[PDB]
Structure formats: structure tokens, C-alpha cells
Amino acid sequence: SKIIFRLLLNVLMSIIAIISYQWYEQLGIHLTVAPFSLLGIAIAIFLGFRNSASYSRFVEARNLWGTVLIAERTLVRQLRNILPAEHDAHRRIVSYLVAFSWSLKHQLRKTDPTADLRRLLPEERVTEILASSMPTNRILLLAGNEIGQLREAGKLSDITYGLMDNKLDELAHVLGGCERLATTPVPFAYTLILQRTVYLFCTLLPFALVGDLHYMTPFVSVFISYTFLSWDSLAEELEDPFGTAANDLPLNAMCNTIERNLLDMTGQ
């Protein structure tokens, strides 16, 4: 995306570097390569470790979404295996489950869940849900009432209620996990420290290479900038896993997979 602008600036920096090499020692400035080896290696080590942290936050995101599909699938399986006649509670619980997924998606994307929710629930409760500052948690509490009701109506025992309650728990952990990843980012000092350092390193590098490489510094220094810049750029494509880029999590696709999955297990 935005890297091409910074490598062409690096080509001109090299042109500026060759056209300026004659005036060099007259001013009194000597740039060997060896301290830039030190610096560049150092920057690579820190870039490597940072990029590690970023990949890990991306996979934790993806795991958290995998749990939603896992936990919702087995909740519905448990409903059918334990209460195979009660298709009325099936449809209601399933719609709260599908609501929860879509609501979680919209919450992380900071978008509006009204249509998805009205598509799935009566305005009777859709207003109760959006009346809360924590709508997705409220959907869980409502799904909780459903199994709670089947327990008090004697159709669930304490045991079988507990078996399903634990899947609510699993969805609660997904909710908190997602919220935690969304609010708490990879500390901003990483991008600030490394974006400066990397950008300044690629810019100062030609003036250090020209002593030894002469007319060829434009090439090998755009090379070195390319790998540093794109390694660094891939960290930022991974640190916001809930964003919209094609390189991010296809959250719409996953919510669709979830809905068709639960609607499949219900015969719809």
C-alpha cells in the first residue's frame, strides 16, 4: 500500500546521496558501513521479536472466533440430544446464539447491529438489548434465561442445565477476550519506536553505503529498505485483526458460516 512512496523517496535519497558525495569530506563527514551493520542488525532483531508479538495477537483473535463456532455448535447439539422435542426452545436459543455472533462482530468493527438483530429477534427484546451499553453480554444473559427457564420448568435437570451453562461460560470468555484485544493494543511504543528507527535507518543508509558502493547504492539500499519496510509493514497488517483489510479476519464470512451451521443443525 503506502510502502512504494517510501521506497521511491529512498531512491531519490540515493540520487541526493550520489550527487552529494563529492561535497562530503569538505564538510567533514565520514560514514562507514560497520555502525550501520550494528544498527541494522539490532533493528532487525527488535523487528523480528515485535513481528512475533503481532502474529500472536492475530492468532489469538482467530482462536477466539473459532471458539464461538465450536461452543455454539455444541450448545445446539446438546439442545437436540437432550431436549429433542422442544423445537420451540431450539429456535429461540439458536437465534440468541446467532445474534451473539453478529453482535460481537459489530461490536469489534464499531458498527451498527440493528438490522442483524431485528432480522433475528422480535423488537420486543431487540430494544431491551440495545438499551444496554453492553448489548452482546445482554444477549448472553437472555440466552441464559432460556436454559434457565427450561431448568425451572423441569425439562432440564441441574446436571443438564450445568452442561449447557458451561457453554455460555465459554462464550463469555470469547466476549471478554475479544474486548480485551480490541481495547488493549500492542503498546504504541513499538510502532512509534520502530517506525521512526526503521524509516530513519532506510533514509540515512544510502549516505553510509555510497562511500563503498558509489553508483550502485540506489539498488542495494532500496533492497534493504524493501525487506525492512515490508517486514515492518506486515506487523501492522496483523496488529488490528478485527479491521476491514483483505489481509484481516473475514468476520462477515465467519458469522455467515456460523449462522448456516446452526440453521443447518436445526433443519432450515
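We number the residues from 1 along the sequence you see.
Engineer: Using only C-alpha atoms and the B-factors in the entry, which stretch averages higher, 150-158 or 119-127?
Structural biologist: Going by the record's values, the stretch with the higher mean is 119-127.
Engineer: Between 49-57 and 196-204, point out the one with the higher average CA B-factor as the PDB entry records it.
Structural biologist: Mean CA B-factor is higher for 196-204.
Engineer: Ordered by C-alpha B-factor within the chain, which third holds residue 218? Give me lowest, middle or highest, please.
Structural biologist: Ranked within chain, residue 218 CA B lands in the highest tercile.
Engineer: Among the chain's modelled residues, which third holds the C-alpha B-factor of residue 184?
Structural biologist: Highest third, going by the recorded CA B-factors of the chain.
Engineer: Which third of the chain holds residue 27 when residues are ordered by C-alpha B factor: lowest, middle or highest?
Structural biologist: Its C-alpha B-factor, which the entry lists for residue 27, ranks in the highest third among residues of this chain.
Engineer: What third of the chain does residue 42 rank in for C-alpha temperature factor, lowest, middle or highest?
Structural biologist: Bottom third by C-alpha B-factor.
Engineer: Against its chain's modelled residues, does residue 133's Cα B factor rank lowest, middle or highest third?
Structural biologist: Its C-alpha B-factor belongs to the middle third of this chain's values.
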